[PDB]
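First, one chain by itself: the form deposited in one PDB entry, in structure tokens.
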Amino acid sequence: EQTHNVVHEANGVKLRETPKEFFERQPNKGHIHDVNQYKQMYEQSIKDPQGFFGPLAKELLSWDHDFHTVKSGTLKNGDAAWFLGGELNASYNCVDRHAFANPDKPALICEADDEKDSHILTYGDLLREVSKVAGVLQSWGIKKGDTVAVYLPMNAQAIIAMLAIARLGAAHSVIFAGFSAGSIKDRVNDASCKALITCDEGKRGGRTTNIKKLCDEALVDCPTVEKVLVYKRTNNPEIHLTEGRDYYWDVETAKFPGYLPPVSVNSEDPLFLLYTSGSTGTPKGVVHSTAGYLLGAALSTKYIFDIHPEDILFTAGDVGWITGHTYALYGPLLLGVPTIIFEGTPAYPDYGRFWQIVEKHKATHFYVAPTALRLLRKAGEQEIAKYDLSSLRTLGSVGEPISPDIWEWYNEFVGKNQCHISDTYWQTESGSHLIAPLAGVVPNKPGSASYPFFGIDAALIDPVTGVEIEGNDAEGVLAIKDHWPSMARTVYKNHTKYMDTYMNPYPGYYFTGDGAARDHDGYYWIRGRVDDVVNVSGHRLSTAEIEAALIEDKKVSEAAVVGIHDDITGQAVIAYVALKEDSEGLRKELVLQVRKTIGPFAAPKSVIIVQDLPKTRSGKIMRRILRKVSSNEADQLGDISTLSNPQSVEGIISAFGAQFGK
């Protein structure tokens, strides 16, 4: 049909063909001929994964040992495996092989917080520094199977640290630099890391950040950490190093040579742990294999973004999150292109920094979160005209829904109606892109991620019946019908939590946690999470974890945290608190509690003080009532006589109306 009765996003939406200038700027024949070749390749990646991914794994990756089986396992049994029998090394495929080919080609284009401190590392430079850091870790006893934590800002040392760890066959666990001491402690202890790599202080927005200080605070309770490597980011001599545990990056790396043999690992040996928040309260360490994850990175980076050897990628992300892992580090370095590592903010020294960077290095591909696009539209639209952005041809959006208006703003003001826009939908647990418009191939509907990617058999499940929905113009739970190379393989030392979360809810499928809709053309429209996980400015948060931090305050008895829409951050956290026995004073105190328990980025937008929370006959909190109230749907609550304290609802409603502003 032409009209949609379910997918209202799609009604009267004109397709947006790739502009002709995209192809004029393309350095070579595109990797895909047209949308028909894409459909053929897609159908093969579903019907015949062995014949499709086998050759691609050989083309894009360098192997130390061949694989005998392309694909094994099933979602329902949680035993997925790819490229069995094969051996390889991640740092070899990202550094060594490119350095041998051309050691002088740029690899890390590092733009520091303050541009005066920017620099460029070639592949030859990167090989030597990765080798030396790996040499230090090796002399410390790090070996295949160990885990090493990283607590660094978004700069060269973070990338070097990750690649040095993977060079030895160990798994890195990168901890976002905005995390508090308690969040560091939790992640390090769950992984039992033997070593940590960090720095003395950080630079953000021109202001100094206390990085080593928070490590010392967490490490008092991290008995498994034997040694710490400290990079002199500020060289502030007043930063204390603990004798026998802490050692300086520059001093130790000077003892070792600029080449170290990489350690061969199995395709399914763990490459890294990345701790993610879910519906649990405690963060869960998502584990990724080596071969499957790397192939997914190279494959998506190449085909969805249309990356060629001549190109330059600026992923405005942070390696503390999956987007930096896959599309600032592994994706581009696997393909041998330069990648821009930006340490600062889009506002420093002014709101043209992104564009100053793009113009400076003639970047061809730009990848950013819609939260930033909203900021630059609100505060820095006047800066764009100062910069030449004609080197760009691919503009990616990631991590949250992109509104059609922001899509248009991105298309016109950054791309000049001349670039292809790739709204990429995916997750930490998927490793790489799931649904995205391939650059130069897929026509765009603003606000739609369009078609599923190679190896991704997407489906919609009816939330009522648990049955897959045939046909288009449909809505439901977004699930995937078979595993794919870059799919996460477990939750570290807690594979049962992994099964209960992703595989068991919809047996036979993978459960994304998201709902979506499919229009008459097969285009998917993401409709946000269905498991009440909150995404604030691109950061996955656990409302359960925020409730725990608020309760830790001994003046608080009960806490209930929900998420609502926000014009700036996408979603905002609303915290409801009941006290046992101050005003904004207490509310400010609680916000700071969340800041130092989890991290500044998890602070609630607002704190509502209530006499008590609505609870069932059981004694448990009905959070549905707090969600309906917080979204000004006070009506639609329904019959509340099932509660044990229905009189509380009135107080909840009035408190939200009185305290959300103030």
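Residue numbers here begin at 1 and follow the sequence given. We call the rigid core the largest set of C-alpha positions that still match within 1.5 Å between the two forms. Only residues modelled in both forms are compared.
Coverage remark for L637: absent from the model in at least one third of the other entries compared whose chains are built on both sides. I322 is built in all of the other entries compared, counting only those with both neighbours built, so it is not a gap in a third.
Per the record, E581 and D582 are separated by 4 to 9 deposited residues that have no coordinates. Stretches 590-598 and 622-630 differ in mean C-alpha B factor, with the higher average recorded for 590-598.
Comparing the deposited coordinates for 374-382 and 264-272, the stretch with the larger average C-alpha B-factor is 374-382.
Going by the entry's values, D473 shows the largest Cα B-factor out of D473, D500, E400, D318.
For the set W355, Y247, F453, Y510, the PDB entry puts the maximum C-alpha B factor at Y247.
For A57, the recorded CA B-factor ranks within the middle third of the chain. Only modelled residues enter the ranking. In the deposited entry, the Cα temperature factor of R617 sits in the top third of values across the chain's modelled residues.
Ranked against the other modelled residues of its chain, the C-alpha B-factor of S422 as given in the entry falls in the lowest third. When the modelled residues of the chain are ordered by C-alpha B-factor, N28 sits in the middle third. Compared with the other modelled residues of the chain, the Cα B-factor recorded for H308 ranks in the lowest third.
Only in words, not in the display: the form deposited in another entry, which the text now covers.
In a core superposition between the shown form and the other one, the Cα of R617 is the only one among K29, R617, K47, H68 shifting by 2 Å or more. After superposition on the rigid core, displacement of the C-alpha of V649 between the shown form and the other one amounts to 2 Å or more.
Relative to the superposed core, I598 undergoes a C-alpha shift smaller than 2 Å between the shown form and the other one. Once the rigid core is used as the reference frame, the Cα position of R627 differs between the shown form and the other one by 2 Å or more.
Comparing the shared residues between the shown form and the other one on a common core, the stretches of 3 or more consecutive C-alphas each displaced by at least 2 Å are 614-635, 643-660, listed in sequence order.
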